[PDB]
Amino acid sequence: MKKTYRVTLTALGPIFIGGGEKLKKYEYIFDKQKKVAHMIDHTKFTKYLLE
RNA sequence: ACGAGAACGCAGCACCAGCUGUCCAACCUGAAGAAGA
């Protein structure tokens, strides 16, 4: 018989699963002073470029 | 000066009426977006 089991996972360390790779900053912004990286809303990015 | 002369085997008539090319059936099975030193 089939028995379901709800599973909870707590990452003790950092866990990374990839979905894509990007080179130096083209699809994101990196403020080196504040150690903060911003990902640009790409459709709003192209609307802004058109504007 | 023919057992012969003259004489449409012709007229009207729907190969037509009823009937599902239908019934059953997962595009499915397995696979770490991942690793040197």
Side-chain angles (χ1 to χ4, degrees):
Chain A
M1 77 155 300
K2 156 181 157 176
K3 283 201 199 253
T4 50
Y5 290 100
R6 176 211 180 104
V7 174
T8 300
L9 192 66
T10 74
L12 297 194
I15 55 163
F16 152 78
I17 297 93
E21 150 68 15
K22 45 186 50 181
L23 189 64
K24 307 188 49 163
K25 287 88 200 184
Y26 288 142
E27 301 93 328
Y28 66 111
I29 297 169
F30 185 34
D31 188 72
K32 289 191 192 169
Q33 180 62 223
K34 291 191 285 185
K35 307 294 167 48
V36 65
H38 325 282
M39 332 306 282
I40 52 180
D41 189 74
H42 296 285
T43 187
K44 180 67 174 66
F45 188 86
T46 196
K47 194 57 67 160
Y48 167 87
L49 288 199
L50 296 186
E51 182 65 26

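Every chain is numbered from 1 and lettered A, B, ... according to where its sequence line falls, protein lines coming before strand lines.
- Nucleotides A26(B) and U22(B) are separated by 22 Å at their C1' atoms, to the nearest Å.
- Here the NZ-CG distance, from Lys25(A) to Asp31(A), works out to 11.0 Å after rounding to the nearest 0.5 Å.
- Nucleotides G33(B) and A37(B) are separated by 24 Å at their P atoms, to the nearest Å.
- When the side chain to side chain contact (heavy atoms under 4.5 Å, CB included) test is applied to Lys22(A), the partners found at least two apart in sequence or on another chain are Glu27(A), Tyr28(A), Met39(A).
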Completion exercise
Note, RNA chain B 5' to 3' with Watson-Crick or G-U pairs under 3.5 Å encoded as ( ), [ ], | and . gives .....................................
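- Using the sign of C1'-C2'-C3'-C4' as the criterion, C15(B) falls on the south side of the pucker cycle.
- A positive value of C1'-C2'-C3'-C4' puts the sugar of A34(B) in the north, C3'-endo-like family.
- Partners of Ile29(A) by side chain to side chain contact (heavy atoms under 4.5 Å, CB included), not counting sequence neighbours, listed by chain and number: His38(A), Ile40(A).
- Base stacking of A34(B) on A35(B): present (ring centres under 5.5 Å, plane angle under 30°).
- Take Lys2(A) and apply the side chain to side chain contact (heavy atoms under 4.5 Å, CB included) test, not counting sequence neighbours, and it matches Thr4(A).
- For the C1' atoms, the distance linking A1(B) with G5(B) amounts to 13 Å, nearest Å.
- Between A11(B) and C15(B), the distance separating the two P atoms is 16 Å to the nearest Å.
- Remark: the separation of the P atoms in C27(B) and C23(B) is 16 Å, to the nearest Å.
- Counting 5' to 3', RNA chain B first comes under 4.0 angstrom of a heavy atom of chain A and last does so at the ends given by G33(B) to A34(B).
- In terms of the side chain to side chain contact (heavy atoms under 4.5 Å, CB included) criterion, residue partners of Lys32(A) (sequence neighbours excluded) are, by chain and number, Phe30(A).
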